[PDB]
Visitor: 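Take this structure, written in structure tokens, and hold onto it; I'll ask about it next.
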There are 4 protein chains.
Amino acid sequence: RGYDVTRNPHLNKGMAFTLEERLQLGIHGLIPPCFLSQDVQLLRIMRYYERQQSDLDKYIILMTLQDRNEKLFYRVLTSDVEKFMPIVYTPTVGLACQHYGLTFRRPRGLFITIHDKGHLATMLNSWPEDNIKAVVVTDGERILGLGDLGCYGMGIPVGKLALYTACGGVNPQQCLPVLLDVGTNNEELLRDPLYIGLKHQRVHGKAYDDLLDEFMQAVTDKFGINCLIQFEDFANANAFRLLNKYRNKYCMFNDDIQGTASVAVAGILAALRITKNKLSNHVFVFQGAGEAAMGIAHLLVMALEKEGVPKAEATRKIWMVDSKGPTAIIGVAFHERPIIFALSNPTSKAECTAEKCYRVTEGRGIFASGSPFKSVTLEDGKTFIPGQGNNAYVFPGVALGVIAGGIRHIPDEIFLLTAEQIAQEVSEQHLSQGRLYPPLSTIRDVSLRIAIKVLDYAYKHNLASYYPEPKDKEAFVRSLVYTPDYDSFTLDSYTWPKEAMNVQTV
Amino acid sequence: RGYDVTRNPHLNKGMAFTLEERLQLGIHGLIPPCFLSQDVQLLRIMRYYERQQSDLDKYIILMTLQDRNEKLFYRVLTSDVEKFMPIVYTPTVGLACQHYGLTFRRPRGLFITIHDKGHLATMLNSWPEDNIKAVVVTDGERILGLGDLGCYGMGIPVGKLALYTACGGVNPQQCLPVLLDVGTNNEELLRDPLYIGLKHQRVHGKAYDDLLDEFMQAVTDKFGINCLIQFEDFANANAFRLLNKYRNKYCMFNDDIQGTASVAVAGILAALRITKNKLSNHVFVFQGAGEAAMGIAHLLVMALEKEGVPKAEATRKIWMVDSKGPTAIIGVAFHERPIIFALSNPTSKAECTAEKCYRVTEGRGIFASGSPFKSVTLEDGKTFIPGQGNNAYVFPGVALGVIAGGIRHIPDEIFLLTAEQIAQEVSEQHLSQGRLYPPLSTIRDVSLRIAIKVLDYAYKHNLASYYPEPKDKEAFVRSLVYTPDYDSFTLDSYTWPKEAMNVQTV
Amino acid sequence: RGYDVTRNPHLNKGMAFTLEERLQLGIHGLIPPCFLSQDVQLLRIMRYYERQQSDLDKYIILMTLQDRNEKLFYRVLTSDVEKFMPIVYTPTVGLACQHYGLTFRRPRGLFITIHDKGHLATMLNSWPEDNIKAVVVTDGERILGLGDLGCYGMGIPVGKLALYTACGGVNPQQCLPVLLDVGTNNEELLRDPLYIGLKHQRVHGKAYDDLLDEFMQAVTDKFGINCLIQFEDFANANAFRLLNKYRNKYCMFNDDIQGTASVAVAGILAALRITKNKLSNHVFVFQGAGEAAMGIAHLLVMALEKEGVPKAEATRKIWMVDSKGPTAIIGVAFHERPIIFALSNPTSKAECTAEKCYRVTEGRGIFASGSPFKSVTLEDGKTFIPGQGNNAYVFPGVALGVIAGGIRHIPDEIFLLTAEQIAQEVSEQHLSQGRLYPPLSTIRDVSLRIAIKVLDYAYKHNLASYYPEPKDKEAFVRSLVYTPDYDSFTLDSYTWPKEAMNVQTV
Amino acid sequence: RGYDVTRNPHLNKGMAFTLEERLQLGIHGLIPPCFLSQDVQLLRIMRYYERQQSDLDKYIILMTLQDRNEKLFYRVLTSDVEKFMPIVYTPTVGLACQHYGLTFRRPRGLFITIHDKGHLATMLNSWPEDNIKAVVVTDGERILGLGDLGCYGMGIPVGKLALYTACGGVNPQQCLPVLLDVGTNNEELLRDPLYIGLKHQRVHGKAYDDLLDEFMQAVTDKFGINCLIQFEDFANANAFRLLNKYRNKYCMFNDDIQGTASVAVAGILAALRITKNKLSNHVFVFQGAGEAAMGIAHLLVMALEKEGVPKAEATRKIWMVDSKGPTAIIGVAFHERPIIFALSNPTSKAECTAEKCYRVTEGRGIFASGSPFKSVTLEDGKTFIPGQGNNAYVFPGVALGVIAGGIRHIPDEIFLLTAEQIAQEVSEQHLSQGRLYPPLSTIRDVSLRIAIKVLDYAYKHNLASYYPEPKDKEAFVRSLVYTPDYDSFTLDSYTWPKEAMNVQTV
């Protein structure tokens, strides 16, 4: 296998191929005559990356790195993941999606069209990898903040899958980004000459649903019923409907619904680690009961149940207010330490400023947001580093645990225990600064722990299909955690005793 | 052949693959669900290309296009070749070479090192294409204007090979860019951490020469003695020595020596088309007799001989002046229409300003340069569009004629008749504006003509090895001219009479 | 994929490729210009096959067919399987094994040597198929009747795997024949110059065992813990030891031990279908208690337990006699219908002649053998077609059920219910002739039923790992039954509405 | 490249792969654990080969060897070529052709049908090798002795190509056997259910001719005008017509016409080496002037011309008698040493018995035949080993010289000088026994010499296209002579100085 190795991003090491490797692979001459470690390659990529004057340019550099040398791509990511997550995934990935006609380099992923109904198995055969354990599929209809972007949203399952690997350690060769193109209702794309999608309105109803049914059937026929299928930015009602439809038939989840709710409940439990009270000692007023607070309320009721409180009064503790009409305030549209959750994305759609809370409540108010908020310079001297609830706290570790143990379905208990682990992740010195989530530089480790917990759950509820149940699940998950470290392409040469390998010259 | 087709730049058409082609190639799903002609792809590439604020960025866009979709790359080039020649080749390619550590995307070409002495055949085996008809090899030692750039000069044989295809129509799959890395004497690269080459001094003498001997031997052993081997920016003395060594042993030429001289003689003959006199009615004073004016003087003497004038007095007509000591003045360091040739590159190293000549000589002076010179606004009203002598007038057409007819060696007569054809290319209305060279937008056609002439010569002097000699050489060369038009990847399905293709069910 | 298709036996159809298929596969011209159905190909193969004057020649023809066109090979087999089972498998395969140095055509299978200890994963990587669901491994040490044949015994896992497909419908591409060469103690092979194996004595003890441990580990690391690993002709004590070692750690079984016992118990239960009594109404005297009657006695005790009779007296019903010291007599070394089982292979090592029993017992004696016995011409007029207990009644259907449902381990209950199904297979008109086993021409169907039963068991005892449990297991097993029918290699071409597939010419 | 190497007959060495080679090729485990030299493999093949009781069985063994391991196949052939020539080629190949429906193993060659008119380039693309330097094409219409065998005659270009390699040393990978199926007029094949060809009458006239024109055009378009195209057993008139048509347009010859004539003239000149006279001292009576003696007479006239005798009287020396009406008697239907040539094939169609000549002429008669004739036991004591004129004396060496030097056309002078070299090959002690041709065990050497002579001719008449003309043509031809010796598949690993190959860990 010669020149084709330098064209495979999973194999190509660039100038990190040693001379022995280049000679054994038949690629000597195709690479410049220098031999680099991955550290030097990282430094060179970083120099080229810091010369860009845009997040779009940085994104293009990272995507070219991904399609050249993906071990180096994930070395770039897993080195300062907090820096590259905004560029590879939201927010920058949404803007790149907005500008994919202009900035269309090599295409990545699988584009499955409504007009391919009946032939999705062949389209799956078109993907080069055959051992696919995770599929992130998007509709393109509700790209975060940007609305309908159909067939430009392909950067979302790609970017998100990068976070599967960067934050979780999921093997990138076992990941399949899919965009289901059923048309778009975005009028600017129907007229855009650079638009790469179907230029008609979105198909919906008994053709959309049958396309999705055939997609799930084809994916689990080719890759097995254990294939994790995550649904990306679908429309809200459509997303919830598909979640309820496929949740128990397949190994699917929706990170926008279940991951967001899990992060919110994680923040609430981390705040309880400060209020020193039980979840039963809390009454919750929600502010955005528009399918977003529904997941938070359900998972919070489930946590109240698990700590002992039966369903009815656990539901009595929730006061969901939206446009018609205490201890914890959560918005997605009296007490010593009130819990205020902004949880709204664009930093302008929000409930507070992380300084409004901390300067109005006299600083004795535990704030959390889904929007980036700089530290506080409160007059008394309290600093109050405010924590941000990233969805990357949930889906990488959950996906790693589900892929590791072949978990067949992802019930809500998985997400509750994920929230519990994320709550336990926060250090008391971080809680001293009002920080409700672990730092992103720890996400790998955090993911690992979550995976183990998820594994520990799935075996004790007969959900894990991997056999036999590993006695030590930490080392089993660690054996599946993908690392950006290069493999050795040198050939394992050994010999036999010099009487078995004797060439007979009879 | 599925996903690998989208990774082969010679095959990949991107969204220009039709649905039938995508289904037949097993690549359906890998491409966005839109179907474009090459015109729409060109418009999209041009939109992305005009958004760049640098020639380096434009160069990077074009090189990414080349390694994605090379039919589209050559469609971009052959559309307004005058615009993209400065970016793909000199001057911009030299600056990119200066910045190849920073801007190192996918590597192209073959890097053959002095330490590979004895194993060059294996390195040639490393190149994916087996039918190589043109090899542009560089040392990296005398990159135009930039000096020693060793192992950064790989962009020079790549860029130049692009001009082989864009300007000449040479098949890009039959072209092999080679950089011979023997070390570098550039001290800034020996310390540069981004440097991709050997970090020692240049090897020279009986090891350099044996490396070059083995390189020529290996190239003609793998690709045949008819393989055209062009020597790129070697050191001046080294370049001339290698030219004289390999000129009659192989199908080699040096475009810096022979191409430059041919362009200069072409300009001189085009100027004679204005002075209305014979070449014998001219006495030539040279100004830069430093191996650069030597080729011009030799080829000019050869032209004087061919028009009738024997060698001795033809040499008597040349007055080469440099630092120790009429009708035509040529510099590379009385009469009605004096011929002034600047021929110096950086527009600052030169002999005139194309306005100094035209305002001092009262406009009755035929000027030519190797430097870009804007038009003149002379007070009387004479405009005087000054022509520029590009090396792309010579090497593409000569290479096309040599590859077409399997010409075994390229004598100086080839370059003289190339200069004669280029002189004949200029229109009388262009000569009315003082323009000595055809416009670059015509280069393809010009190359074709040159090829035919070269072919016509090689057959009548028993130099063309292609058999049988085509009766109509224009259509034979046209059958080999590569075009950026996409091929059809659909399968030629036919049937037999429905008694021969009957399936026997005995 | 052109010429390589005609070299792949799983793909190559020979002259059964249609013209459309030949043109689409790029193989047109490589095949003679005739188009045959598989029926005509079968007739041609049969004509060539009936021209041979030896079972060795017939075997060579069938093995060449297997390595040319394996769909046609299995069409030949599954057509009159009773005729080709003696040639593909025992007895003829043993004689071919004896003569593999002389008759060494293309090698099939994987040869793993004791000197490969530590590198078995790479050797498994050497096998072209990656989806292996059944591995038949042999030591070569106890080839049936022939003794130690080490590294000539490779025809045994090959032949047996053929029966996996011919009799069971197991996919042949998911089958891997392995020979573990640890040397041989056969002195004639150590001196044989045609011998293809290690020419030293058998390795044994802590190196043999570690080689087997690494083999099981490597096979289940590459192909999954669900890979069925059948142990072939190992030495008796070695075979039983390995069975007990790996029985619960892996999905392994030994067909010589468990399959033989299952066939014997099947014959006993079929005979009970004639004696009209319960198994509790029988006392069993065995004659060959040398690890061969042990399995029969254990499985018979298990059947007595399952019908109601507790362990102690169920064991009291067994009288195993060998060299020191009624209703049923079984040998592997009073009542209305005595049951006499010869069960000994070479027709000379046996307990009766199938005529001795029927002429001495006055015909009222139910005889079964493991040796071929022609019908009886008893003086009264009773014909008494005597049945033969083939191991192919057990292992194909059990393997099909285990591969279908991903059964993790094969307990003895699987083999008991297999024996019960085989007993139920016999028709009452066949029991009227004293025939205790179904005819081999039914084996496919029989295998299917066994598979379903095995499946039905594994799900109700939480042994089947395939998910979800199919509601209709017959159609699920039928979907996995491999058939010799050719697939269509024509490409599924469809179109989009002629507005989505419109090529944009903007 | 793993398992595919064992499936490529040009690469596969079987058990001759060393352990290092098996590990480097990723084929370890696919081969039995023994390591053989080609001598041991030859001995094993010979043991299996001498166990056959038919020339048809021996032929099948050799063809299976050819499609398994072609270096070993040509080692078998080039070892005792006199023994295996009758089996690989005529006479046995004709009988195998008669029995190709019964004995149809793996197909070899390219079947191009009349119904493929217009698509022969695609069919040539179907052949796996791209560097084809020799094409033996047959019609199947005049298979030697057997008549029309259409599409069974494919064994003739295969067998003959084997002799290209075995006797000449032509590279087998550069050889392409083609059968042009235009139907058959053999009535037994039109009804034969095993027949693999077109079951209609032969196409002829303006469709046959256009198919042949497109075949020659396609072969020289894909493989170059230097591709040697030999026409095999075409019909006599058709063969001569095609020879005259394509002789000067392509590098074609007909071995049945020109090779036979060259062998006959070689025998005549060798006999002159006994009669001690000049060719001008001979008058020739022919007996079979039916297009077979025409070539002999033309080449003999050419030899008379070359020795000095002008055309007219040189033709006066020929007396061609057939059914209407001295020194040399030649049949294809006074003096001290009369020359009697039987030259008729089936030993029953002939002019003498090689004993009739030697017992009637009193032993002083130089006999030659085309039929095998055992030695003579003449009463006086003279032994008279009679020589046989094989066509393998001509076509292998001529083909080697034509492929070596890229000779563009094969004029009759090539065949005359071939006859002269073959005449010179005979030793005087062999001439003492009345043997007119060199022994076949020398054919390789003989071929070499012929090649050199042919090369020496083609350069001095400007027929050789290979450049540059090698100063020593013996060593140039020897560098192209293919040998059955195995290549080494081990990888050439070298290192750089341990400062150039230092991995930078900046």
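First the proteins, then the strands, lettered A, B, ... as listed; each starts at 1.
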Visitor: For D:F104, which atoms come within 4.5 Å of any heavy atom of chain C: side chain, backbone, both, or neither?
Guide: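 Both parts, backbone and side chain.
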Visitor: Quick one: what part of D:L120 sits under 4.5 Å from any heavy atom of chain C, side chain, backbone, both or neither?
Guide: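 For D:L120, neither part sits under 4.5 Å from chain C.
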Visitor: Quick check against the 3.5 Å criterion: does D:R7 have a side-chain atom that pairs as donor or acceptor with the backbone of C:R7?
Guide: yes
Visitor: Begin from the C-alpha positions of D:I61 and C:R105 and carry the test side chain to side chain contact (heavy atoms under 4.5 Å, CB included) through to its verdict.
Guide: CA-CA 9 Å; D:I61 276 185; C:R105 299 286 176 91; 4.0 Å; yes
Visitor: In terms of heavy-atom proximity below 4.5 Å to chain D, should C:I45 be classed as side chain, backbone, both, or neither?
Guide: neither
Visitor: Would a 4.5 Å heavy-atom cut-off, applied to side chains only, mark D:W127 and C:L30 as touching?
Guide: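 The answer is yes, as the side chains (C-beta and beyond) meet within the 4.5 Å cut-off.
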Visitor: Is chain D contacted by the side chain of C:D116, its backbone, both, or neither, given a heavy-atom distance below 4.5 Å?
Guide: side chain
Visitor: Go through C:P128, C:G26, C:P33 and name the one with the most non-hydrogen pairs under 4.5 angstrom from chain D.
Guide: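 Winner by heavy-atom pair count: C:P33.
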Visitor: Does any backbone or side-chain atom of C:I114 lie under 4.5 Å from a heavy atom of chain D? Answer side chain, backbone, both or neither.
Guide: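 Neither part.
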Visitor: Going from CE on D:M123 to CG on C:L23, what distance comes out if it is rounded to the nearest 0.5 angstrom?
Guide: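 If we round to the nearest 0.5 Å, D:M123:CE and C:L23:CG are 8.0 Å apart.
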Visitor: Is D:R44 in contact with chain C via its backbone, its side chain, both, or neither, using a 4.5 Å heavy-atom distance?
Guide: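 Both parts, backbone and side chain.
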Visitor: Check each atom of D:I112 against the heavy atoms of chain C and say whether the ones under 4.5 Å are side chain, backbone, both or neither.
Guide: neither
Visitor: Need one label for C:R68: side chain, backbone, both or neither, based on atoms under 4.5 Å from any heavy atom in chain D.
Guide: side chain
Visitor: Side chain, backbone, both or neither: which part of D:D181 has a non-hydrogen atom closer than 4.5 Å to chain C?
Guide: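 For D:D181, side-chain heavy atoms alone lie under 4.5 Å from chain C.
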